[PDB]
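Each remark here refers to the structure printed beneath this line.
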DNA sequence: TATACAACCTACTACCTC
RNA sequence: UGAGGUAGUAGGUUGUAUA
Ligand SMILES: [Mg+2]
């Protein structure tokens, strides 16, 4: 590769040269192509496999466009506001927030029952609360950075709470459908039966 | 597993290369499975077995099969792996490293920084300031001894994240003109890119960038040259994050792939994970079975 | 089946014959089976509110690919 | 629709300063990077293990093929690929008698039996290392079938 | 200190070979 | 342990919030 094209000796610079400078394999493949073109004579699978190996020494990828599916199913909309209700003395201390119709958490110092909606009746029918003390936060600032963080709840916790609500809501929803349950190590699996479909 | 690690540990004490071969591997037709069928039949892959065994034997006798060429000159790649030592004293966590760098003749130096630095907590897969200082100082001194100069950059990668105490200790040790970059390589986050039309999976080398500091890399899948797949059942990508550092997300991915192309223990196209971490895990598995070696050898022949 | 081993030894047996297509179509069909609306699935997070998940997963595309073998 | 970037596959060097991506093909065409002159082997195991090892070592001196020679490149042979002499004739042997394995393997605790087998094998290896004149570059441990279980 | 979660970590057995 | 990969199972730790 240190021999300039302006320095090649006469009677060679006008011929058709094969480039072994970059890689010897490409040069050898070009040599074999030239030999096979101009009917060069040649004579137990040690050479057929060898020839295939030389040919496939570089099966480079092509500039072809492809489209790939994923398993990340997106969420197109959220409820407008995330609510925080008092329900003090109307919710027993020895009563878990699970086994309840709607996804609710009892997180933070007070203002428990983190659910998106009201109507936990027939399960704790105190039905006597003052809605003025309830705290309401916009889900837009919770998910999308913003100034949703305060001394009440910082932004990081405010999102790990929403992920918990979604993971619970999926579990409660996937029970009015027509599937049964399987218990894995750390999660639940949903499968369809034989009679259905 | 008790036999192999103990044998390697004592021969490590005596520094003797060794290789364990089962009788079923070398002669698989003799050991049938009570039904006239070999338990492990190598009929269709009899040449791959020979490739692997010959390459391993050649490497263990002091010979280089190949070397890496496209790697940034002036950087050090360190891989930290934690193994749980819980036998008598406490559920301690030992840290074993592996170092790779290339300069002064285009040669490749692939060793392992050893002398496991412990941490006496049940969890806490991190290093206290003194142990981190010792680790970085030893790696830097080894590089300076080999290259007669200090590294321009250091590329620390691990399967766990780094905390501010460890990074402050590292920056305290590091010289005036040396930069440090931390990378965390998780392996099993749930992303699976299916191909819409064909019955063959996504190609190897495709990378998806989710942010200026995080990206996915497909180190497995369908490779054009071999016309086959490096895995099965819709290969899984790996997750790369630039934790505690300042660098570009493309150079990191290129370096990760280059590191994946260094598996001497087997003769394959490439492996999913970088080899600097796999060899560190092997070193840890070998060491934790022994009893308090003072200064273990750093060469890879004795371990693998 | 009330055993944790014969299910592993059957999962590993059955998964060997399934490739890109047989996983993709099955996952998409299972997701579409649950959906109530033609384009979303309803999660009742309350008596008046709900969370919708799109029926069609995220799609990626690239400019470099390979010629599929026969 | 998100865009996926592509990273070109790295290249590993071989003999003569040449480049490739598949180590098997690169070794087959060009060869290794350095010159060790031969591998003087040493076997530890029963006599049947020695016979198995010698048979395999003689087998790998000549070409071996697979079913798909594109998915898995063939093996030319040891000396053709590496340029090294690794032969069955120059083998140093240290024998583990059947009585020793029968005595040590049976009974005892799961830890004790493993410690006993490791002690036996490594005592043989170390004693051969320090109390012998013949050089052994790499030692091969041909583990019998019963020791594994 | 112990029990309800989301986010991260390691360590084993059992089954495949394209 | 000639190797590589896929999946299952078991536990643990930190940051909240409670009893
Ligand atoms: Mg090995």
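For the range B:18-100, what does the alpha-carbon gyration tensor say about shape, rounded, prolate or oblate, given a ≥ b ≥ c as the root eigenvalues, a/c under 1.5 as rounded, and a/b over b/c as prolate? Oblate, because a/c is 1.5 or more while a/b does not exceed b/c.
Sorted into 10 angstrom bins from 0, the C-alpha pair distances of chain B split as 5, 23, 32, 26, 11, 2, 0 percent.
Peptide B:63-74 has a mean of 5 when you count, residue by residue, the C-beta atoms of other protein chains within 10 Å of its C-beta. Look at B:275, A:40 and count the other Cβ atoms within 10 Å of each Cβ; fewest to most, that gives A:40, B:275.
In this simple spin-label approximation, residue C:10 and residue D:70 carry label points 7 Å from Cα along the Cα→Cβ vector, and these lie 3.9 nm apart. Here the protein assembly as shown carries DSSP beta bridges of which approximately 65% are antiparallel, counting only pairs with both residues inside.
The relative contact order of chain B, computed from alpha carbon pairs under 8 Å that lie at least 6 residues apart in sequence, is 22 percent. Taking every alpha-carbon pair under 8 Å whose residues sit at least 6 apart, the range A:68-197 reaches a relative contact order of 21 percent.
The Cα center of chain C and the Cα center of the range B:80-94 differ in position by 40 Å.
Each 5 Å bin, from zero up to the one with the longest distance, holds this percent of the alpha carbon pairs of the range A:78-166: 3, 13, 26, 26, 17, 10, 4, 1. The range B:125-150 and the range B:173-219 have Cα centres lying 27 Å from one another. The calculated 222 nm mean residue ellipticity attributable to helices in chain B amounts to -9000 deg cm²/dmol, summing -39500 (n - 2.57) over DSSP H runs of n ≥ 4 and dividing by all residues. Once C-alpha pairs closer than 8 Å and six or more residues apart are averaged by separation and normalised to the residue number of chain D, the relative contact order reads 29 percent. Other protein chain C-beta atoms within 10 Å of residue C-beta, averaged over D:27-35: 5.
When A:190, D:37 are arranged by Cβ crowding within 10 Å, least crowded first, meaning fewest neighbours, the order is D:37, A:190. For the range D:27-137, a Kirkwood radius taken over Cα pairs fed into Stokes-Einstein (37 °C, viscosity 0.692 mPa s) yields D = 195 µm²/s.
Take the Cα of residue A:188, step 7 Å toward its Cβ, do the same at residue A:67, and the gap between the two points is 3.5 nm.
Helix content alone sets the calculated 222 nm mean residue ellipticity of chain D: runs of n ≥ 4 DSSP H residues at -39500 (n - 2.57) each, divided across all residues, give -11500 deg cm²/dmol.
I'd like the mean, over residues of B:165-171, of how many other protein chain beta carbons sit within 10 Å of each residue's own Cβ.
That average works out to 0.
For the range A:76-100, there are no residues whose amide N sits under 11 Å from a probe point set 7 Å from the Cα of residue A:109 along the beta carbon direction. Note on the range B:74-122: percent of Cα-Cα distances in each 10 Å bin, starting at 0 and stopping at the bin with the largest distance, equals 25, 37, 22, 13, 3.
Calculate the translational D of chain C in whole µm² s⁻¹ from Stokes-Einstein, where the hydrodynamic radius comes from the Kirkwood formula applied to all Cα pairs, the temperature is 10 °C and the viscosity 1.306 mPa s. The diffusion coefficient I find is 98 µm²/s.
Take the Cβ atoms of residue A:159 and residue B:89, set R0 to 51 Å, and the FRET efficiency comes out at 0.80. The Rg/Rh ratio of the protein assembly as shown, with Rg taken over Cα atoms and Rh as the Kirkwood radius over Cα pairs, comes to 1.01. Computed over chain A, the range of Cα coordinates on each principal axis works out to 106, 52, 26 Å, biggest value leading.
When the Cα convex hull of the range B:241-298 is projected onto planes of every orientation, the mean area is 6.0 nm².
Sorted ascending by nearby beta carbons within 10 Å, beginning with the fewest, D:24, B:40 become B:40, D:24.
Using alpha carbons only, the radius of gyration of the range A:1-107 set against its Kirkwood radius gives Rg/Rh = 1.58. Looking at chain B alone, DSSP beta bridges between its own residues are antiparallel in about 70 percent of cases.
All Cβ positions, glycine included, derive from the backbone under ideal geometry; neighbour counts span all protein chains shown. Values in this text are rule-based calculations from the coordinates and carry no lab data.
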